[PDB]
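The chain below stands alone and is given as structure tokens, in the form deposited in one PDB entry.
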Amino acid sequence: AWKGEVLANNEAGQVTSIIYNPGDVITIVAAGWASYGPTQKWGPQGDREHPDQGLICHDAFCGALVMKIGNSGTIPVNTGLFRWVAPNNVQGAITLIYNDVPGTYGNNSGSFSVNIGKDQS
């Protein structure tokens, strides 16, 4: 399993030691408080009131937790994924990323604490 922190201001994302392989079932739990710039903070589902101004992930709110698996596009994580299997041919290290507009990560604040494990399969 992996446990660690993902900073909201980390545009490249936080690489984990989890390599997602074909058939793996994973569970992710995310917690904490972060901002994409405002003095307010939001949890891992982000800000449901804020429009999408060009986010790295269009299927999650600004300020949500998302991930990439190897060379994949972004995949929503939000609060977490329960005994999840990847629906397509994605493989490789999981990187956790804060959902914001590229180039705008420098004013971000806070972090999420994340746990990832592989479940029985």
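Don't overthink the numbering: it's just position in the shown sequence, from 1. Superpose the two forms; the largest set of C-alphas matching within 1.5 Å is the rigid core.
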query	finding
RMS CA shift, core-fitted in 9 other deposited structures of this protein, bigger for 56 to 64 or for 88 to 96	88 to 96
Between 89 to 97 and 76 to 84 (mean CA B-factor, as deposited), the higher	89 to 97
Average Cα temperature factor in the PDB entry - higher stretch of 22 to 30, 58 to 66	22 to 30
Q53 CA temperature factor, ranked by third within the chain	middle
Position of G103 among the chain's modelled residues by C-alpha B-factor, lowest, middle or highest third	highest
Within-chain third of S111 by Cα B-factor, per the entry	lowest
For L7, the third of its chain into which the C-alpha B factor falls	middle
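A second form of this protein, the form solved in complex with a small molecule, is not displayed here; the remarks below concern that form.
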property	result
Close approach of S72 to the small molecule in the deposited complex, 4.5 Å, heavy atom	yes
Exercise: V29 in contact with the small molecule in the deposited complex, heavy atom 4.5 Å	no
Close approach of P76 to the small molecule in the deposited complex, 4.5 Å, heavy atom	yes
